[PDB]
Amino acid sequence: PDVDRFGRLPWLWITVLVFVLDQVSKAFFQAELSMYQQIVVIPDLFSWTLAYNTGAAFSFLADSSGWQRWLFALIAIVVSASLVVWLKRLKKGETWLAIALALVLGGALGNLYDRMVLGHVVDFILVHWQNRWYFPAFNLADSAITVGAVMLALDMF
């Protein structure tokens, strides 16, 4: 069959699927919302939003702004490469690792595309508790990465 000639490569269809859903997601909320506008789903807990993440969380590392676009893109590129080879070196029946890797790769490329094409990453998911605390807005790419990362972390049993 064809499953045997491409090895572990067809797991990248999960990566593509993640990438696409991530980009359709962002495109929608770029179209439907203005910056920081929020569509309330659960008044106290959860809302859609629109935010551009130029990465101000790591602003403490430099007297310049705008470098996160390139540094983080660079890290994405580097980590993506190493993640692909490590997907290839896998065996059939290691289905847990393949999925986890594909998820992280999809999220990595999703935000990588943003930092390169746009100047920033698009964020639309706003989870919070009333006006007591707000969780930093994220997207599907982050979710794929986070779920992917946790799956890897629970692999060390």
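Numbers follow the displayed sequence, beginning with 1.
Comparing 90-98 with 47-55, the higher mean C-alpha B-factor in the PDB entry belongs to 90-98. Judged by mean Cα B factor in the deposited record, 5-13 ranks above the other of 5-13 and 136-144. For the set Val104, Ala62, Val122, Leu126, the PDB entry assigns the largest Cα B-factor to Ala62. Remark: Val85 belongs to the highest third of its chain, ranked by C-alpha B-factor as recorded. In this PDB entry, the Cα temperature factor of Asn131 sits in the top third of its chain's modelled residues, the highest group. Compared with the other modelled residues of the chain, the Cα B-factor recorded for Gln38 ranks in the middle third.
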